[PDB]
Amino acid sequence: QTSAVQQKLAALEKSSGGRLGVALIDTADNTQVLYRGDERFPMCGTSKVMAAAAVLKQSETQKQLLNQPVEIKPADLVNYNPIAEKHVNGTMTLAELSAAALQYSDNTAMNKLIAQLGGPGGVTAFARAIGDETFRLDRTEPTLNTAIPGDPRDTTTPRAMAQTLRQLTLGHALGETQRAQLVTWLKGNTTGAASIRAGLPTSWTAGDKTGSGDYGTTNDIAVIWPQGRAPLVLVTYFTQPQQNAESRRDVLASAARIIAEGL
Ligand SMILES: CC1(C)S[C@@H]([C@H](NC(=O)Cc2ccccc2)C(=O)O)N[C@H]1C(=O)O
């Protein structure tokens, strides 16, 4: 069946010229709303949540892991390193790297998280351990953002990512302390005001992780606390036909608005 909300999302997609994927979980009743929910999309930076969460999982059995120093060398710098560049020829702890990857989307920090997990396959292995059979990380930064249409590398589906984000932030995929840390990091994100958040009533609070890549790929995944009701988990993925397409965070805001108005 096609719902009123799905019809509005289809209209939005049509006017956007691209391909939109949406997955909402309303924890008030566990109901879901999906649009292209089982189609694959390039994750880009939204994959940083899985990497940080995997390191948080490791920290459950190593109390000092998050304080472990990691060397940052000039050769480690990639295409976007707002935090790591300050620490070249020095070190950053795994907590510092996690916070930089999540809150500033630092790509060198993400690479250190991936390395700590034994490579992209280590991130995928953690996804499998928490019941996500869909997620796949295949490359490091910056190539994991090529976002080529039809390419399965570094992709997931909106349904899978929403389920995983719910388990990580509201469920028991991580220990209580680690879940709280992840939520704190997401709520402190600096990059999300133009995306899902721009489509929500101002009174609502949220934590999110954005992503962008080639093909005008523009993504956001969020955990939301609406005024007067149980939290929501929302994933909005968007990708376009031309490699050099411009970002469209406004499309994510529009999708979020349709979802909020549809509650
Ligand atoms: C500036 C950021 C905050 S960081 C960046 C990052 N993507 C890239 O570096 C690849 C790329 C390749 C070609 C064009 C754009 C991006 C990611 O997905 O985390 N995403 C932005 C965001 O989330 O708003």
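Residues numbered from 1 in each chain as written, not as in the entry; some residues may be left out. Heavy atoms only, no water. Residues with missing side-chain atoms left out of burial classes, pairs and counts.

Its PDB header names X-ray crystallography as the technique used to obtain the model and reports a resolution of 1.500 Å.

Participant: Tell me what's going on with helix 7 (residues 176-187), and back it up with residues and numbers.
Facilitator: Between the first and last C-alpha of helix 7 there are 16 Å, a value that for 12 residues agrees with the 16 Å anticipated at 1.5 Å per step. If you check which residues of helix 7 are buried, you get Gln178, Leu182, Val183, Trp185 and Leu186. End-on view of helix 7: buried residues confined to an arc of 160 degrees, all on one side of the axis. In this structure, helix 7 carries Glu176, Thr177 and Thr184 as exposed residues pointing more than 90 degrees from its buried face. (Helix = DSSP H or I, 4+ residues; strand = E, 2+ residues; numbered from the N terminus. Expected span 1.5 Å × (residues − 1). Buried < 20%, exposed > 50% of the residue type's maximum accessible area, 1.4 Å probe, protein only. Arc of directions from axis to C-beta.)

Participant: Account for the pairing of strand 1 (residues 19-26), with residues named and values stated.
Facilitator: Burial runs high along strand 1: seven of the eight residues are buried. Relative to strand 9 (residues 232-239), strand 1 is paired through eight bridges, and the arrangement is antiparallel. Counted as the bridge partner of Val22 is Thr236 from strand 9. Sheet topology note: the strand 1/strand 2 (residues 31-35) ladder contains five bridges and is antiparallel. Opposite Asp26, over in strand 2, you have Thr31 as the bridge partner. What sits between the antiparallel neighbours strand 1 and strand 2 is a turn of four residues, in which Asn30 has the positive phi angle 70 degrees. (Pairing = 2+ DSSP bridges.)

Participant: Account for the side chain of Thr236, naming residues and giving values.
Facilitator: With respect to the helices and strands, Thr236 occurs in strand 9. A relative accessible area of 0% means that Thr236 is categorised as buried.

Participant: Requested: an account of the environment of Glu71, with residues and values cited.
Facilitator: Summarising the element assignment, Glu71 is placed in strand 4 (residues 69-72). Placed 12 residues apart in sequence, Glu71 and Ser59 show a C-alpha to C-alpha distance of 19 Å.

Participant: How would you summarise the site of the ligand if you had to cite specific residues and measurements?
Facilitator: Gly45, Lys48, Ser105, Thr210 and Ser212 are the nearest of the 14 residues found near the ligand. In this structure, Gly45 approaches the ligand through a main-chain N or O atom, which is 2.8 Å from an oxygen atom. In the environment of the ligand, an oxygen atom lies 3.1 Å from a nitrogen or oxygen atom belonging to the side chain of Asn79. Here the ligand, which alone exposes 530 Å², has 74% of that area covered by the protein. At four residues, strand 7 (residues 205-213) tops the list of elements feeding residues into the shell around the ligand. (Near = heavy atom within 4 Å. Polar contact = N/O pair within 3.5 Å; in protein donor to acceptor, adjacent residues only side chain to side chain. Areas by Shrake-Rupley, 256 points an atom, 1.4 Å probe, with all protein chains shown as cover.)

Participant: Give me the lowdown on unusual backbone geometry, citing residues and values where you can.
Facilitator: Going from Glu141 to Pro142, the amide bond is cis rather than trans, its omega being 5 degrees. By the element assignment, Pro142 lies in the loop between helix 5 (120-129) and strand 6 (155-156). At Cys44, a position not held by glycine, the phi torsion is positive, near 50 degrees. With respect to the helices and strands, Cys44 occurs in the loop between strand 3 (41-42) and helix 2 (48-59). The exposure class assigned to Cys44 is buried, which follows from its relative accessible area of 1%. Here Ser105, not a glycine, exhibits a phi torsion of approximately 60 degrees, which is positive. With respect to the secondary-structure elements, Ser105 resides in the loop between helix 3 (94-104) and helix 4 (107-116). Assessed through its relative accessible area of 14%, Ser105 is described here as buried.

Participant: Lay out the packing of helix 3 against helix 7 in plain terms, naming residues and giving numbers.
Facilitator: Each packed pair of helices is defined by two parameters, the angle between the axes and the distance between the axes. Axis separation between helix 3 and helix 7 bottoms out at 9 Å; the angle between their running directions is 45 degrees. Looking at the two axes, helix 3 sits oblique to helix 7. As helix 3 packs across helix 7, the resulting crossing turns out to be right-handed. Facing helix 3, whose interface residues are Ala95, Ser98, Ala99, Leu102 and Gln103, helix 7 presents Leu182, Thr184, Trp185 and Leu186. In terms of residue class, the contact of helix 3 with helix 7 is made up of six nonpolar, three polar and no charged. (Axes fitted to C-alpha atoms, helices over the stretch in contact; angles between N-to-C directions. Parallel < 35°, antiparallel > 145°, perpendicular 65-115°, else oblique. Left-handed = near helix turned anticlockwise from the far one by under 90°. Contact = heavy atoms within 4.5 Å. Nonpolar A, V, L, I, M, F, W, Y, C, P; charged D, E, K, R; others polar.)

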